[PDB]
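A.B. asks: Dropping a structure here in structure tokens format, bear with me for questions.
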Amino acid sequence: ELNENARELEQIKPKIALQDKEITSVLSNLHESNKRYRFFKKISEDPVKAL
Amino acid sequence: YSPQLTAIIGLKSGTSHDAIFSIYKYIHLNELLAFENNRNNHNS
Amino acid sequence: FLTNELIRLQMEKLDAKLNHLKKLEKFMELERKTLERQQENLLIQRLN
Amino acid sequence: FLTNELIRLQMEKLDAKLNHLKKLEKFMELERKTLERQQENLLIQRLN
Amino acid sequence: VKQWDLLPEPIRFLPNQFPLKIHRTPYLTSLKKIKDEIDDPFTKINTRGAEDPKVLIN
Amino acid sequence: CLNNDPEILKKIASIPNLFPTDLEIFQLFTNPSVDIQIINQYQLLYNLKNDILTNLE
Amino acid sequence: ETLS
Amino acid sequence: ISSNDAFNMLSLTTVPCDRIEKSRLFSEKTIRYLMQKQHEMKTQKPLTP
Amino acid sequence: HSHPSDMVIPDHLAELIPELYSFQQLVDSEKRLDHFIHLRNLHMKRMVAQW
């Protein structure tokens, strides 16, 4: 049973690695779009000082 | 087991492990402990 | 939009381990059987 | 709203499973200790 | 007679320095804040020492 | 000193793998490449386990 | 009592 | 570079503010996942001595 | 080369999008799961060594 459980863990791990890669990618995209949001908000709230 | 053993432990037959474990429990129970001196001597 | 994507990915990740819990739940049945066997032995030795 | 509901239900299922499994483990541990003590007691009684 | 000390009174007996809040920011959060403040378009990370005296003291 | 939870001995005896077993102590005693000071610590812990189990009964 |  | 790109999108695009549509909040993957999980949660021993 | 600070949701994104709060909770729950599984592995090994 120990060997069987080890086998099933080793089978389940790769999908988890792939999903972690995707999670980090999405987090970086979220950071970039937050940058853009802050930019556009600053410009719209006080345009002359922002420019 | 030999009659000198089954007298100490109420068991006719067992593996070597059982006899060793029970003998060690016996010498520890009577505080004969790494030198040990008794009933095991005169029996065995 | 991106936040919803993140949440979906994380739930998908949790589902796999929640499924993997069941085998570890079966080893418990193994241990239970072994305990009952040791109890058999203790009972019979007490009767002896 | 569906997303919030699903997240809540998922966390509830997870903690319920963990609590059940931990209760099982504690039961088995106390039982092992009791069996060990009982067998040592019988051995000592036989020797004495 | 004149009286003065060699050093000024510590830093916490000054009437301006009275505790209102403890800043217990963890290490990972501090690193995230450092990354966020350097990666800003309107970043003041290179003001220079001759353009701001507070930057010079720091 | 607090007198809040009476079932403290049972809860302590139920913590999994918090104490060594009998045969592990036995293997320690028969293995000659060990120090006396570690033997003493394991012996103290084993006596504590036995006392808890007795007070439970 | 022989046990004890 | 990124600030250049953002301001270029803002000022150098000849699209009225009305003709800009809204994008989706849920990709079809998450929609499928949510429906599947709703189904599976719609389908869903006291320590014997 | 991935940095341990990539996973931090700073403080203000989480009050602009409340769901990010819940996201963090999910992450933490996952941690619990992992540790539990880890313990189980250890436990099983010990039992085998006993038997």
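Labeling convention for the structure tokens: chains A, B, ... as they appear, residues from 1 per chain, ligands from 1 in order of appearance.
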Return the neighbours of chain C among the residues of chain I, cut-off 7 Å, counting only C-alpha atoms, as a compact mmCIF listing (two decimals) with N, CA, C and O atoms, in the first residue's frame.
C.D. replies:
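Output saved as result_27.txt:
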```
# COMPACT_ATOMS: atom_id res chain seq x y z
N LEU I 20 -10.12 38.26 -4.12
CA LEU I 20 -8.73 37.94 -3.85
C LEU I 20 -8.53 37.51 -2.40
O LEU I 20 -7.78 36.56 -2.15
N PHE I 23 -9.36 34.05 -2.36
CA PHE I 23 -8.29 33.31 -3.02
C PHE I 23 -7.20 32.94 -2.02
O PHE I 23 -6.80 31.78 -1.92
N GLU I 30 -5.14 24.81 1.05
CA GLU I 30 -4.28 23.86 0.35
C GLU I 30 -3.09 23.49 1.21
O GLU I 30 -2.80 22.30 1.39
```
A.B. asks: List as JSON lines every residue of chain H that is in contact with chain A, defined as an atom at most 12 Å from one of its atoms (using only C-alpha atoms), together with the nearest atom pair and the distance in Å rounded to one decimal, sorted by chain and then rising number.
C.D. replies:
```
{"residue": "H:2", "atom": "CA", "partner": "A:36", "partner_atom": "CA", "distance": 8.9}
{"residue": "H:3", "atom": "CA", "partner": "A:36", "partner_atom": "CA", "distance": 8.5}
{"residue": "H:4", "atom": "CA", "partner": "A:36", "partner_atom": "CA", "distance": 11.5}
{"residue": "H:5", "atom": "CA", "partner": "A:36", "partner_atom": "CA", "distance": 10.2}
{"residue": "H:6", "atom": "CA", "partner": "A:36", "partner_atom": "CA", "distance": 7.2}
{"residue": "H:7", "atom": "CA", "partner": "A:40", "partner_atom": "CA", "distance": 9.1}
{"residue": "H:9", "atom": "CA", "partner": "A:36", "partner_atom": "CA", "distance": 11.1}
{"residue": "H:10", "atom": "CA", "partner": "A:40", "partner_atom": "CA", "distance": 8.8}
{"residue": "H:11", "atom": "CA", "partner": "A:40", "partner_atom": "CA", "distance": 11.7}
```
A.B. asks: Matching every Cα in sequence order between the two identical chains, what are the coordinates of chain C once fitted onto chain D? Write them as a CSV table (one decimal) with N, CA and C atoms, in the first residue's frame.
C.D. replies:
```csv
chain,number,residue,atom,x,y,z
C,1,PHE,N,-18.7,33.5,-12.0
C,1,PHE,CA,-19.1,33.9,-10.7
C,1,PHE,C,-19.7,32.7,-9.9
C,2,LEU,N,-20.7,32.1,-10.5
C,2,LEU,CA,-21.4,31.0,-9.8
C,2,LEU,C,-20.4,29.8,-9.5
C,3,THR,N,-19.5,29.5,-10.4
C,3,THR,CA,-18.6,28.5,-10.2
C,3,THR,C,-17.7,28.8,-9.0
C,4,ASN,N,-17.3,30.0,-8.8
C,4,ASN,CA,-16.5,30.4,-7.6
C,4,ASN,C,-17.3,30.2,-6.4
C,5,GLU,N,-18.6,30.6,-6.4
C,5,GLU,CA,-19.4,30.4,-5.2
C,5,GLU,C,-19.5,28.9,-4.9
C,6,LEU,N,-19.7,28.0,-5.9
C,6,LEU,CA,-19.7,26.6,-5.6
C,6,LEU,C,-18.5,26.1,-4.9
C,7,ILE,N,-17.3,26.5,-5.5
C,7,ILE,CA,-16.0,26.0,-4.9
C,7,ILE,C,-15.9,26.5,-3.5
C,8,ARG,N,-16.3,27.7,-3.1
C,8,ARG,CA,-16.2,28.2,-1.8
C,8,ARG,C,-17.1,27.3,-0.9
C,9,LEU,N,-18.3,27.0,-1.3
C,9,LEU,CA,-19.2,26.2,-0.5
C,9,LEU,C,-18.6,24.8,-0.2
C,10,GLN,N,-18.0,24.2,-1.2
C,10,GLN,CA,-17.5,22.9,-1.1
C,10,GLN,C,-16.3,22.9,-0.2
C,11,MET,N,-15.4,23.9,-0.3
C,11,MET,CA,-14.3,23.9,0.7
C,11,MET,C,-14.7,24.1,2.1
C,12,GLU,N,-15.7,25.0,2.3
C,12,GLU,CA,-16.3,25.1,3.6
C,12,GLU,C,-16.8,23.8,4.2
C,13,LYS,N,-17.5,23.0,3.3
C,13,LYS,CA,-18.0,21.7,3.7
C,13,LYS,C,-16.9,20.8,4.1
C,14,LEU,N,-15.8,20.8,3.4
C,14,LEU,CA,-14.7,19.9,3.7
C,14,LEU,C,-14.0,20.2,5.0
C,15,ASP,N,-13.9,21.5,5.3
C,15,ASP,CA,-13.2,21.9,6.5
C,15,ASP,C,-13.8,21.3,7.8
C,16,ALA,N,-15.1,21.2,7.9
C,16,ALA,CA,-15.8,20.7,9.0
C,16,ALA,C,-15.4,19.2,9.3
C,17,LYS,N,-15.4,18.4,8.3
C,17,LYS,CA,-15.0,17.0,8.5
C,17,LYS,C,-13.5,16.8,8.7
C,18,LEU,N,-12.7,17.7,8.1
C,18,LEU,CA,-11.3,17.6,8.4
C,18,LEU,C,-11.0,18.0,9.8
C,19,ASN,N,-11.9,18.8,10.4
C,19,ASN,CA,-11.8,19.1,11.8
C,19,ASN,C,-12.3,17.9,12.6
C,20,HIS,N,-13.4,17.3,12.2
C,20,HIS,CA,-13.9,16.1,12.9
C,20,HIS,C,-13.0,14.9,13.0
C,21,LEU,N,-12.0,14.9,12.1
C,21,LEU,CA,-11.0,13.8,12.2
C,21,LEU,C,-10.2,13.6,13.5
C,22,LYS,N,-10.1,14.7,14.3
C,22,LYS,CA,-9.2,14.7,15.4
C,22,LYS,C,-9.6,13.8,16.5
C,23,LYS,N,-10.9,13.8,16.8
C,23,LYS,CA,-11.5,12.9,17.9
C,23,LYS,C,-11.3,11.5,17.6
C,24,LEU,N,-11.5,11.1,16.3
C,24,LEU,CA,-11.2,9.7,15.9
C,24,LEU,C,-9.8,9.5,16.0
C,25,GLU,N,-8.9,10.5,15.9
C,25,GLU,CA,-7.5,10.3,16.1
C,25,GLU,C,-7.2,10.0,17.6
C,26,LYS,N,-8.0,10.6,18.5
C,26,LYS,CA,-7.8,10.3,19.9
C,26,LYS,C,-8.1,8.9,20.4
C,27,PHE,N,-9.2,8.4,19.8
C,27,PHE,CA,-9.5,7.0,20.1
C,27,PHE,C,-8.4,6.0,19.8
C,28,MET,N,-7.5,6.4,18.9
C,28,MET,CA,-6.3,5.6,18.6
C,28,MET,C,-5.4,5.6,19.8
C,29,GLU,N,-5.2,6.7,20.5
C,29,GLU,CA,-4.4,6.7,21.7
C,29,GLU,C,-5.0,5.8,22.8
C,30,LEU,N,-6.3,5.8,22.9
C,30,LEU,CA,-7.0,4.9,23.8
C,30,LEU,C,-6.5,3.4,23.5
C,31,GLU,N,-6.6,3.0,22.2
C,31,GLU,CA,-6.3,1.7,21.8
C,31,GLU,C,-4.8,1.4,22.1
C,32,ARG,N,-4.0,2.3,21.8
C,32,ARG,CA,-2.5,2.1,22.1
C,32,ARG,C,-2.3,1.8,23.6
C,33,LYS,N,-2.9,2.6,24.5
C,33,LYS,CA,-2.7,2.3,25.9
C,33,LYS,C,-3.2,0.9,26.2
C,34,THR,N,-4.4,0.5,25.7
C,34,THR,CA,-4.9,-0.8,26.1
C,34,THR,C,-3.9,-1.9,25.6
C,35,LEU,N,-3.3,-1.7,24.4
C,35,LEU,CA,-2.4,-2.7,23.9
C,35,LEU,C,-1.2,-2.8,24.8
C,36,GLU,N,-0.7,-1.7,25.3
C,36,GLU,CA,0.5,-1.7,26.2
C,36,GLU,C,0.1,-2.5,27.5
C,37,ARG,N,-1.1,-2.3,28.0
C,37,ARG,CA,-1.5,-3.0,29.2
C,37,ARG,C,-1.6,-4.5,29.0
C,38,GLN,N,-2.1,-4.9,27.9
C,38,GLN,CA,-2.1,-6.4,27.6
C,38,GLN,C,-0.7,-6.9,27.5
C,39,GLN,N,0.2,-6.1,27.0
C,39,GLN,CA,1.6,-6.5,27.0
C,39,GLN,C,2.2,-6.7,28.4
C,40,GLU,N,1.9,-5.7,29.3
C,40,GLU,CA,2.3,-5.9,30.7
C,40,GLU,C,1.9,-7.3,31.2
C,41,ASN,N,0.6,-7.7,31.0
C,41,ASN,CA,0.1,-8.9,31.5
C,41,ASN,C,0.9,-10.1,30.9
C,42,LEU,N,1.1,-10.1,29.6
C,42,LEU,CA,1.8,-11.2,28.9
C,42,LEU,C,3.2,-11.3,29.5
C,43,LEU,N,3.9,-10.2,29.6
C,43,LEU,CA,5.3,-10.3,30.2
C,43,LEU,C,5.3,-11.0,31.6
C,44,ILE,N,4.4,-10.5,32.4
C,44,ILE,CA,4.4,-11.0,33.8
C,44,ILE,C,4.0,-12.5,33.9
C,45,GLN,N,3.1,-12.9,33.0
C,45,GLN,CA,2.7,-14.3,33.0
C,45,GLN,C,3.9,-15.2,32.4
C,46,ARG,N,4.6,-14.7,31.5
C,46,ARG,CA,5.8,-15.4,31.0
C,46,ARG,C,6.8,-15.6,32.1
C,47,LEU,N,7.1,-14.5,32.8
C,47,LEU,CA,8.0,-14.6,33.9
C,47,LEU,C,7.5,-15.6,35.0
C,48,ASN,N,6.2,-15.6,35.3
C,48,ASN,CA,5.6,-16.6,36.2
C,48,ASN,C,5.8,-18.0,35.7
```
A.B. asks: At most 8 Å is the cut-off: for each residue in chain E with any atom that close to an atom of chain I, write down the nearest atom pair and the distance in Å rounded to one decimal, counting only C-alpha atoms, chain first then increasing number, as JSON lines.
C.D. replies:
```
{"residue": "E:28", "atom": "CA", "partner": "I:5", "partner_atom": "CA", "distance": 5.8}
{"residue": "E:29", "atom": "CA", "partner": "I:8", "partner_atom": "CA", "distance": 6.7}
{"residue": "E:31", "atom": "CA", "partner": "I:5", "partner_atom": "CA", "distance": 6.5}
{"residue": "E:32", "atom": "CA", "partner": "I:5", "partner_atom": "CA", "distance": 5.6}
{"residue": "E:33", "atom": "CA", "partner": "I:10", "partner_atom": "CA", "distance": 7.3}
```
A.B. asks: Could you write out that same residue set with C-alpha atoms as a CSV table (one decimal), in the first residue's frame?
C.D. replies:
```csv
chain,number,residue,atom,x,y,z
E,28,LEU,CA,7.7,38.7,2.2
E,29,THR,CA,5.1,41.6,2.3
E,31,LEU,CA,9.8,42.5,-0.4
E,32,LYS,CA,6.5,42.8,-2.4
E,33,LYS,CA,6.2,46.5,-1.3
```
A.B. asks: Residues of chain B were defined as contacting chain F if any atom lay at most 10 Å from it, counting only C-alpha atoms; please report them as a count of residues only.
C.D. replies: 3
